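Cβ atoms come from the backbone with ideal geometry, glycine included; neighbour counts cover every protein chain shown. Basis: the model, the stated rules and, where named, an outside source; nothing here is a laboratory result.
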Amino acid sequence: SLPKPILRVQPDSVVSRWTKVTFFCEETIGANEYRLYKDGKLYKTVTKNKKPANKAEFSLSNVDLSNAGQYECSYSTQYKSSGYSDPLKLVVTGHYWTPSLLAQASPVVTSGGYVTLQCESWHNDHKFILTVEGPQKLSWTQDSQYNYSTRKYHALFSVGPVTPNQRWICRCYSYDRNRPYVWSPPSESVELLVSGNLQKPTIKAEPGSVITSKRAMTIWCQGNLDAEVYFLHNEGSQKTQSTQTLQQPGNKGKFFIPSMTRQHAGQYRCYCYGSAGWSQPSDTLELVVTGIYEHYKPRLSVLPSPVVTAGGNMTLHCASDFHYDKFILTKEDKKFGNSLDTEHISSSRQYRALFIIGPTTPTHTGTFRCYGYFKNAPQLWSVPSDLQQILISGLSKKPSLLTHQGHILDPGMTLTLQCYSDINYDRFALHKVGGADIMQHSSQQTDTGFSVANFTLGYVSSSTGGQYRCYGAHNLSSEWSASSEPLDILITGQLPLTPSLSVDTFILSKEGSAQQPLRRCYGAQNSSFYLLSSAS
Ligand SMILES: *[C@@H]1O[C@H](CO)[C@@H](O[C@@H]2O[C@H](CO)[C@@H](O)[C@H](O)[C@H]2NC(C)=O)[C@H](O)[C@H]1NC(C)=O
Ligand SMILES: *[C@@H]1O[C@H](CO)[C@@H](O)[C@H](O)[C@H]1NC(C)=O
């Protein structure tokens, strides 16, 4: 008789509870009156009187559960009421406990593959529906199995085969068979991460891959410039979506973490979807959180000296009273070498690790820290040891020490050491032999025509007396330099004796600072060599 009308809904057929929905009856013949039928019954009637148009609206504001069901549209032209538009199933979510949807292994799927998702729910007699967020809505319906241990009803969906052209976003629903038009509120969006075949995004970690706990860090995913959304993922276990990306320079998907915890460490990969579909995943960037296991801090030492000559063998010692599995050295903020198995020494009650370095390339110069961690948690490290710094000399002119303020000192005289050189080094390093610390200062350009470095030590005590050496380096250079002749600092007033012989060794010095005392007169001993006491 007459052209069957077209019934449309906004928003979609599956609407969340308590939201406004609108039906639209459309035709071209005429518009005398429109009628909306709900489940085979006259629900509403809109007349084109009191503005004249060709399409009629039916608003159902504040939708509740009772508004779910079949809807048809009929119209009348002249005095002919004509048939029905093909029915439209309005579905309302709510009334139930929210189901859970879990990527059974991981959301990761190489294109053309299937992933299994488990959908759980507490409801006794319920069917499960898995839908994907796409144009032509893909659905799957399963019966619920019951896990007697967890006392929960679950069903598994094998969603696939996953095509690399379309973004896959899965959601689950639970619903009673007897009332099909009423589903549960949708579970959390499970988005599948597809390993495409386009170029790989470079993944980066700006502050570093090693981060102390509770601190901030950022993960960048830069790559193809026809990319739209960047993802970060962990083997165990994360999903993160970035839509708003820095366009300058080029698509840079930024991720920000305010404070690092246990659940932020692990191996990260960057997945990416774009106009030409998905891309091959990034390299596995391993994020490491330290500061955890903050009870037993490891301790780091070095032998034979914190400063070794170029081309020598030198061992670092990572030790801890706690039975860690492995110890790892880090230079600056970066990992160094690899992990070594801990080794329980029977004598020192310690767990030991000997990082042997030989020969010493100028690359080993830096600040080392040893961490302890366990096998089952490779990304959760201990609290860093007190730093042990390494200097490596060998290849430049030996920068002599001025050694002013005298050569033999009495507590307490403000001792300062100057380290000069003919070669214009941009930085000098002073070291007291047998010590663990190395001092460094920016050299100042004196008028004469070279650089002098000021090393202001504290008040002279009995402990400040020893042997000193200075080293020189440039700005662009990572190579430190061979040290000068040893400076022997001698301290007085450290023995209850006054010499009258002018006791293994005997010292003799001028009232003025001589270039070197020979071995007023002073008296020392072979064991405690740098300690003296006299009056003449
Ligand atoms: C580097 O250290 C020397 C210390 O020898 C400083 O020299 C002072 O110089 C004044 C005159 O210029 C002398 O009267 C003082 O006796 C010196 N100090 C001492 C402790 O002897 C020099 O100023 C320092 N230079 C820089 C750039 O810090
Ligand atoms: C170990 O280092 C020392 C000095 O650094 C060197 O003389 C010695 O030859 C090294 N050991 C071996 C086996 O070469």
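Does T456 satisfy the condition of being over 16 Å from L417 (Cβ atoms) and hydroxyl-bearing (S, T, Y)? So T456 fails the test.
On the stretch given as the stretch 175-212, residues that are under 19 Å from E133 (Cβ atoms), assigned to a loop (DSSP other than H, G, I, E, B) and out of contact with any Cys (no Cβ under 6 Å at 6 or more places or on another chain) total 7.
The numbered conditions (1) touching a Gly at 6+ places or on another chain (Cβ under 9 Å); (2) not assigned by CATH to the domain that holds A227 are all true for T330 except (1). The single condition among (1) surrounded by fewer than 18 Cβ atoms within 10 Å (Cβ to Cβ); (2) aliphatic (A, V, I, L, M); (3) within 30 Å of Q350 (Cα to Cα) that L246 does not satisfy is (3).
Here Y296 meets each of (1) among the aromatic types (F, W, Y); (2) surrounded by fewer than 16 Cβ atoms within 10 Å (Cβ to Cβ); (3) within 16 Å of ligand 2 (Cβ to nearest atom) with one exception, condition (3).
Among the conditions (1) away from ligand 2 (no atom under 16 Å from the Cβ); (2) touching a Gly at 6+ places or on another chain (Cβ under 6 Å), the only one that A482 does not satisfy is (1). Between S121, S158, which is within 34 Å of the chain's Cα centre (by Cα), farther than 25 Å from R17 by Cβ and of a type in the set (S, T, Y)? None of the other options fit; the residue is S158.
For the stretch 300-309, the criterion of a residue being of a type outside the set (G, A, S), more than 16 Å from ligand 2 (Cβ to nearest atom) and crowded, with 18+ Cβ neighbours inside 10 Å is satisfied by at least one position. Evaluating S477 against the criteria (1) among the hydroxyl-bearing types (S, T, Y); (2) away from ligand 2 (no atom under 16 Å from the Cβ); (3) closer than 19 Å to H404 by Cβ leaves one unmet condition, (3). For the stretch 96-131, the candidate set comprises residues that are β-branched (V, I, T) and within 20 Å of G160 (Cα to Cα); within that set, the residue that is surrounded by the most Cβ atoms within 10 Å (Cβ to Cβ) is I129. Just checking, which of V159, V194, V210, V182 is of a type in the set (V, I, T) and closer than 30 Å to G372 by Cβ? Testing whether each residue is of a type in the set (V, I, T) and closer than 30 Å to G372 by Cβ leaves just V210.
Looking across the stretch 9-29, the residues that are assigned to a strand (DSSP E or B) and either in contact with a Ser or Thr (Cβ under 9 Å, 6 or more places away or on another chain) or of a type in the set (A, V, I, L, M) (or both) come down to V9, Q10, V14, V15, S16, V21, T22, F23, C25, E26. Inside the stretch 403-433, can you point out the residues that are more than 15 Å from ligand 1 (Cβ to nearest atom) and in a strand (DSSP E or B)? Answer for the stretch 403-433, where residues must be more than 15 Å from ligand 1 (Cβ to nearest atom) and in a strand (DSSP E or B): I408, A429, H431, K432. Annotation for the stretch 352-359: at least one member residue is in the same structural domain as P378 (by CATH), out of contact with any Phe, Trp or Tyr (no Cβ under 7 Å at 6 or more places or on another chain), of a type in the set (G, A, S) and within 16 Å of ligand 2 (Cβ to nearest atom).
Here is a check on your reading of the model: is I292 out of contact with any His (no Cβ under 7 Å at 6 or more places or on another chain) and farther than 30 Å from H431 by Cα? Considered against the rule, which asks whether it is out of contact with any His (no Cβ under 7 Å at 6 or more places or on another chain) and farther than 30 Å from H431 by Cα, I292 comes out as yes. Within the stretch 358-414, work out how many residues are among the acidic types (D, E) and closer than 30 Å to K214 by Cα. Count: 1.
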